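Take a look at the structure below.
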Amino acid sequence: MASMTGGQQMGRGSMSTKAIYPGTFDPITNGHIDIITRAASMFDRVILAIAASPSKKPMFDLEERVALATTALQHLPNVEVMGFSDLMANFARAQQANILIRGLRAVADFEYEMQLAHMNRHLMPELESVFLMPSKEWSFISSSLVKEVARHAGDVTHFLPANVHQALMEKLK
Amino acid sequence: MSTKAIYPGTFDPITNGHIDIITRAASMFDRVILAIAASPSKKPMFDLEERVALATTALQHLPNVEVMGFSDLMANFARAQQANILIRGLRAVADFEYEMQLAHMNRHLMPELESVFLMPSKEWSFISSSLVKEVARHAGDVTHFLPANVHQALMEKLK
């Protein structure tokens with residue numbers, strides 16, 4: 001019925017889904033891999049969007065971050081990895097995505113998450129934020145914590161894919 | 001291939017906030033069931049039949065949404081309905097805690113079910129069934145927070 005209407009997103013059944021999952025991923029952990037695996041099971045396509053210029057200087061440069069994640073996720077066919085240097089809402093719009101994936105780890109973050117989601121609604125009304133809890137196995141890990149344990153020689157093999165674990169050891173002398 | 005999601009709740013009664021969540025969900029999943037708890041441990045104002053009837057009407061305009069009562073383990077229902085997604089609205093910080101606990105248990109009981117969370121639109125961010133009833137019980141205006149069919153039914157229940 002294209003001669004009459006192109007179609008709206010709401011009230012008319014299911015629509016193609018394309019999600020972005022933004023972060024610094026410095027470096028990508030098993031917790032990140034789980035979140036995107038879950039997301040990619042339920043949406044048509046997923047972009048892991050890696051932040052080029054985080055406020056805090058990252059251990060891995062953008063090129064490195066994008067390379068490690070590309071490797072770690074290459075077994076997911078509906079996933080692509082990209083760097084971006086923009087508001088997450090701008091990137092979503094440029095990428096014609098309609099879903100924004102957020103990992104929801106802690107209570108401390110809930111308010112902040114809701115508030116970002118309100119801002120993103122304001123910026124891009126057609127973008128829906130979707131919140132996944134991390135698996136219990138990855139509930140206490142973060143890029144930051146893994147780096148700091150690794151720095152002081154703790155075992156973090158259980159928390160990273162092999163490519164990332166190797167790149168991390170190289171960074172730490 | 002197909003996605004089919006359950007949005008469970010007590011829906012006593014369904015509000016504009018619940019309606020917003022399920023509209024958003026039905027745009028992203030092929031099918032959505034509104035799963036209404038038959039026997040909530042605290043007796044509801046509306047019985048199950050009333051809850052289902054109000055919700056059916058409220059959501060009639062959404063083609064890929066079905067409203068159902070259930071009285072079993074959510075994992076058993078999801079399995080019975082061949083659902084692979086569970087939707088929850090996430091309004092309060094207090095809910096997040098409890099919901100994260102149930103989600104973990106649900107992962108133990110049914111690994112193949114993914115739990116997904118939506119935040120309420122800003123408009124609906126402070127409403128709940130419980131609040132709206134409390135306000136309406138003392139004649140406060142709650143026309144803004146309910147669909148007509150539900151509003152009338154609530155007025156009838158209070159008179």
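By convention here, the chains of the structure tokens are called A, B, ... in the order presented, each chain's residues are numbered starting at 1, and ligands are numbered starting at 1 in the order presented.
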
Need the shell around residue 158 of chain A: protein/DNA/RNA residues with any atom at most 12 Å away, counting only C-alpha atoms. Skip same-chain ones fewer than 6 positions apart. Format as a ChimeraX atom specification?
/A:29-31,137-138,141,146,150,164-165

Based on the backbone DSSP call, show me all residues of segment 5-85 of chain A assigned strand (DSSP E), as an NGL selection string.
:A and (18-23 or 45-51 or 79-84)

Produce a file of the selected residues containing N, CA, C and O atoms, as a PDB file, in the first residue's frame.
ATOM      1  N   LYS A  18      17.209  -2.411  14.362  1.00  0.00           N
ATOM      2  CA  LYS A  18      18.647  -2.194  14.367  1.00  0.00           C
ATOM      3  C   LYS A  18      19.048  -1.419  15.632  1.00  0.00           C
ATOM      4  O   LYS A  18      18.589  -0.312  15.892  1.00  0.00           O
ATOM      5  N   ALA A  19      19.941  -2.026  16.410  1.00  0.00           N
ATOM      6  CA  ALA A  19      20.328  -1.549  17.723  1.00  0.00           C
ATOM      7  C   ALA A  19      21.768  -1.055  17.658  1.00  0.00           C
ATOM      8  O   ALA A  19      22.569  -1.614  16.912  1.00  0.00           O
ATOM      9  N   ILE A  20      22.077  -0.017  18.442  1.00  0.00           N
ATOM     10  CA  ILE A  20      23.456   0.338  18.727  1.00  0.00           C
ATOM     11  C   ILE A  20      23.720   0.010  20.198  1.00  0.00           C
ATOM     12  O   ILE A  20      22.847   0.178  21.045  1.00  0.00           O
ATOM     13  N   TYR A  21      24.946  -0.441  20.479  1.00  0.00           N
ATOM     14  CA  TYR A  21      25.438  -0.673  21.826  1.00  0.00           C
ATOM     15  C   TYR A  21      26.718   0.129  22.019  1.00  0.00           C
ATOM     16  O   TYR A  21      27.818  -0.354  21.742  1.00  0.00           O
ATOM     17  N   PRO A  22      26.591   1.389  22.483  1.00  0.00           N
ATOM     18  CA  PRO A  22      27.741   2.248  22.738  1.00  0.00           C
ATOM     19  C   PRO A  22      28.481   2.028  24.048  1.00  0.00           C
ATOM     20  O   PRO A  22      27.920   1.554  25.042  1.00  0.00           O
ATOM     21  N   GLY A  23      29.778   2.348  24.001  1.00  0.00           N
ATOM     22  CA  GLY A  23      30.656   2.223  25.142  1.00  0.00           C
ATOM     23  C   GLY A  23      32.066   2.669  24.771  1.00  0.00           C
ATOM     24  O   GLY A  23      32.319   3.053  23.637  1.00  0.00           O
ATOM     25  N   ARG A  45      19.779  -6.498  13.740  1.00  0.00           N
ATOM     26  CA  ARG A  45      21.181  -6.122  13.617  1.00  0.00           C
ATOM     27  C   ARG A  45      21.618  -5.312  14.832  1.00  0.00           C
ATOM     28  O   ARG A  45      20.795  -4.612  15.435  1.00  0.00           O
ATOM     29  N   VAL A  46      22.928  -5.396  15.135  1.00  0.00           N
ATOM     30  CA  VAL A  46      23.539  -4.735  16.277  1.00  0.00           C
ATOM     31  C   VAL A  46      24.904  -4.150  15.888  1.00  0.00           C
ATOM     32  O   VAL A  46      25.790  -4.856  15.412  1.00  0.00           O
ATOM     33  N   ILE A  47      25.076  -2.849  16.162  1.00  0.00           N
ATOM     34  CA  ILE A  47      26.348  -2.178  16.030  1.00  0.00           C
ATOM     35  C   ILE A  47      26.920  -1.955  17.421  1.00  0.00           C
ATOM     36  O   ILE A  47      26.320  -1.228  18.206  1.00  0.00           O
ATOM     37  N   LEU A  48      28.092  -2.542  17.682  1.00  0.00           N
ATOM     38  CA  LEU A  48      28.927  -2.147  18.807  1.00  0.00           C
ATOM     39  C   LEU A  48      29.622  -0.835  18.455  1.00  0.00           C
ATOM     40  O   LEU A  48      30.523  -0.827  17.634  1.00  0.00           O
ATOM     41  N   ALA A  49      29.186   0.257  19.088  1.00  0.00           N
ATOM     42  CA  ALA A  49      29.647   1.596  18.781  1.00  0.00           C
ATOM     43  C   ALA A  49      30.715   2.018  19.790  1.00  0.00           C
ATOM     44  O   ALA A  49      30.402   2.170  20.964  1.00  0.00           O
ATOM     45  N   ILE A  50      31.975   2.174  19.358  1.00  0.00           N
ATOM     46  CA  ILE A  50      33.050   2.434  20.306  1.00  0.00           C
ATOM     47  C   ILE A  50      33.425   3.914  20.294  1.00  0.00           C
ATOM     48  O   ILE A  50      33.670   4.503  19.253  1.00  0.00           O
ATOM     49  N   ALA A  51      33.456   4.514  21.482  1.00  0.00           N
ATOM     50  CA  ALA A  51      33.663   5.948  21.628  1.00  0.00           C
ATOM     51  C   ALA A  51      35.121   6.314  21.319  1.00  0.00           C
ATOM     52  O   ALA A  51      36.032   5.816  21.967  1.00  0.00           O
ATOM     53  N   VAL A  79      26.199  -8.705  13.788  1.00  0.00           N
ATOM     54  CA  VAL A  79      26.876  -7.702  14.602  1.00  0.00           C
ATOM     55  C   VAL A  79      27.955  -7.040  13.753  1.00  0.00           C
ATOM     56  O   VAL A  79      28.715  -7.745  13.104  1.00  0.00           O
ATOM     57  N   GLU A  80      28.056  -5.705  13.804  1.00  0.00           N
ATOM     58  CA  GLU A  80      29.213  -5.005  13.257  1.00  0.00           C
ATOM     59  C   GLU A  80      29.807  -4.044  14.292  1.00  0.00           C
ATOM     60  O   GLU A  80      29.093  -3.536  15.160  1.00  0.00           O
ATOM     61  N   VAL A  81      31.130  -3.809  14.194  1.00  0.00           N
ATOM     62  CA  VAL A  81      31.842  -2.958  15.139  1.00  0.00           C
ATOM     63  C   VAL A  81      32.296  -1.682  14.447  1.00  0.00           C
ATOM     64  O   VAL A  81      32.961  -1.748  13.426  1.00  0.00           O
ATOM     65  N   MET A  82      31.994  -0.530  15.061  1.00  0.00           N
ATOM     66  CA  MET A  82      32.355   0.779  14.530  1.00  0.00           C
ATOM     67  C   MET A  82      32.805   1.709  15.652  1.00  0.00           C
ATOM     68  O   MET A  82      32.331   1.602  16.782  1.00  0.00           O
ATOM     69  N   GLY A  83      33.696   2.647  15.311  1.00  0.00           N
ATOM     70  CA  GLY A  83      34.048   3.733  16.204  1.00  0.00           C
ATOM     71  C   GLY A  83      33.111   4.895  15.921  1.00  0.00           C
ATOM     72  O   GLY A  83      32.534   4.919  14.846  1.00  0.00           O
ATOM     73  N   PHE A  84      32.926   5.810  16.882  1.00  0.00           N
ATOM     74  CA  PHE A  84      32.091   6.980  16.644  1.00  0.00           C
ATOM     75  C   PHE A  84      32.542   8.116  17.553  1.00  0.00           C
ATOM     76  O   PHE A  84      33.093   7.865  18.618  1.00  0.00           O
TER      77      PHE A  84
END

DSSP alpha helix (DSSP H) residues within segment 47-124 of chain B, listed as a PyMOL selection string:
chain B and resi 48-58+74-80+93-109

For chain B against chain A, which residues fall within 6 Å using only C-alpha atoms, given as a ChimeraX atom specification?
/B:27-30,62,64,116-118

Any chance you can output those residues with N, CA, C and O atoms as a PDB file, in the first residue's frame?
ATOM      1  N   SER B  27       6.306  -2.768  19.135  1.00  0.00           N
ATOM      2  CA  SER B  27       6.941  -2.213  17.945  1.00  0.00           C
ATOM      3  C   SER B  27       8.270  -2.899  17.683  1.00  0.00           C
ATOM      4  O   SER B  27       8.831  -2.743  16.604  1.00  0.00           O
ATOM      5  N   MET B  28       8.792  -3.618  18.686  1.00  0.00           N
ATOM      6  CA  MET B  28      10.117  -4.200  18.571  1.00  0.00           C
ATOM      7  C   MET B  28      10.082  -5.727  18.563  1.00  0.00           C
ATOM      8  O   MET B  28      11.048  -6.335  18.117  1.00  0.00           O
ATOM      9  N   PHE B  29       8.973  -6.351  18.996  1.00  0.00           N
ATOM     10  CA  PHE B  29       8.864  -7.805  19.005  1.00  0.00           C
ATOM     11  C   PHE B  29       7.638  -8.204  18.193  1.00  0.00           C
ATOM     12  O   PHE B  29       6.625  -7.514  18.217  1.00  0.00           O
ATOM     13  N   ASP B  30       7.741  -9.330  17.489  1.00  0.00           N
ATOM     14  CA  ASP B  30       6.695  -9.751  16.578  1.00  0.00           C
ATOM     15  C   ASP B  30       5.370  -9.855  17.315  1.00  0.00           C
ATOM     16  O   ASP B  30       4.364  -9.354  16.818  1.00  0.00           O
ATOM     17  N   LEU B  62      -3.758  -2.638  19.120  1.00  0.00           N
ATOM     18  CA  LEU B  62      -2.417  -3.127  18.829  1.00  0.00           C
ATOM     19  C   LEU B  62      -2.501  -4.552  18.285  1.00  0.00           C
ATOM     20  O   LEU B  62      -2.807  -5.477  19.032  1.00  0.00           O
ATOM     21  N   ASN B  64      -0.616  -7.056  17.334  1.00  0.00           N
ATOM     22  CA  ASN B  64       0.269  -8.148  17.675  1.00  0.00           C
ATOM     23  C   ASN B  64       0.331  -8.343  19.192  1.00  0.00           C
ATOM     24  O   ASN B  64       1.299  -8.891  19.695  1.00  0.00           O
ATOM     25  N   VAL B 116      14.146  -8.346  29.498  1.00  0.00           N
ATOM     26  CA  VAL B 116      14.444  -7.066  28.887  1.00  0.00           C
ATOM     27  C   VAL B 116      13.716  -5.977  29.663  1.00  0.00           C
ATOM     28  O   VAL B 116      12.609  -6.196  30.130  1.00  0.00           O
ATOM     29  N   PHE B 117      14.333  -4.797  29.773  1.00  0.00           N
ATOM     30  CA  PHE B 117      13.797  -3.742  30.613  1.00  0.00           C
ATOM     31  C   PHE B 117      13.639  -2.463  29.811  1.00  0.00           C
ATOM     32  O   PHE B 117      14.531  -2.083  29.055  1.00  0.00           O
ATOM     33  N   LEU B 118      12.492  -1.816  30.035  1.00  0.00           N
ATOM     34  CA  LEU B 118      12.168  -0.530  29.456  1.00  0.00           C
ATOM     35  C   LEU B 118      11.921   0.445  30.608  1.00  0.00           C
ATOM     36  O   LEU B 118      11.391   0.062  31.652  1.00  0.00           O
TER      37      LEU B 118
END

Just the number, please: distance in Å from atom CA of residue 68 of chain A to atom CA of residue 167 of chain A, one decimal.
8.3 Å

Skip residue 72 of chain B itself and residues of its chain fewer than 3 positions away, then list as a list in words all residues within 10 Å of it, counting only C-alpha atoms.
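Counting only C-alpha atoms, the residues come to residues 37, 38, 39, 69, 75, 76, 77 and 78 of chain B.
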
Could you write those residues out with C-alpha atoms, as a PDB file, in the first residue's frame?
ATOM      1  CA  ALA B  37      -1.386 -12.720  37.308  1.00  0.00           C
ATOM      2  CA  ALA B  38      -4.487 -14.679  38.356  1.00  0.00           C
ATOM      3  CA  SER B  39      -3.704 -14.920  42.073  1.00  0.00           C
ATOM      4  CA  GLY B  69      -4.346 -14.498  32.618  1.00  0.00           C
ATOM      5  CA  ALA B  75       8.877 -20.052  33.189  1.00  0.00           C
ATOM      6  CA  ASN B  76       6.149 -22.669  32.603  1.00  0.00           C
ATOM      7  CA  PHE B  77       3.812 -20.178  30.969  1.00  0.00           C
ATOM      8  CA  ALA B  78       6.568 -18.736  28.740  1.00  0.00           C
TER       9      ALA B  78
END

Which polymer residues have any atom within 8 Å of an atom of residue 149 of chain B, counting only C-alpha atoms, with same-chain residues fewer than 5 positions away left out, as an MDAnalysis selection string?
chainID B and resid 54 57:58

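For the pair atom CA of residue 146 of chain B and atom CA of residue 19 of chain B, the interatomic distance is 9.2 Å.
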
If you measure from atom CA of residue 5 of chain B to atom CA of residue 55 of chain B, what distance in Å do you get, rounded to one decimal?
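So the two atoms, atom CA of residue 5 of chain B and atom CA of residue 55 of chain B, lie 16.5 Å apart.
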